[PDB]
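Read the single chain below, which is given as structure tokens and is the form deposited without the partner chain.
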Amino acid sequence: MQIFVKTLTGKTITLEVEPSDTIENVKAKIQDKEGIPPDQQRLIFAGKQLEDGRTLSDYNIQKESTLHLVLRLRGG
């Protein structure tokens, strides 16, 4: 399956995760894929909050599925 990600710029980044993988595993890909730190990363699907405990197959995520990459709270 080849999912995608929509950043703040809207840019669409293709991913090659699995329906058995996890969200935290997807973002991890967004880290290098884009080269951005997970400190300010948050993958969202169908405009819904995602968890590192959930799964794609559990989120109904499939192939060609586009996610949402937004920012998060400050750091400190």
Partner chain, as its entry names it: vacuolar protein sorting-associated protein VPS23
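Residue numbers count along the first chain shown, from 1.
Just so you know, the form solved in complex with the partner chain exists too; it's not on screen, but the next bit is about it.
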item: Contact test in the deposited complex: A28 vs the partner chain, heavy atoms, 4.5 Å; value: no
item: Any non-hydrogen atom of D58 within 4.5 angstroms of the partner chain in the deposited complex; value: yes
item: In the deposited complex, residues of 1-23 near the partner chain [heavy atom within 4.5 Å]; value: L8
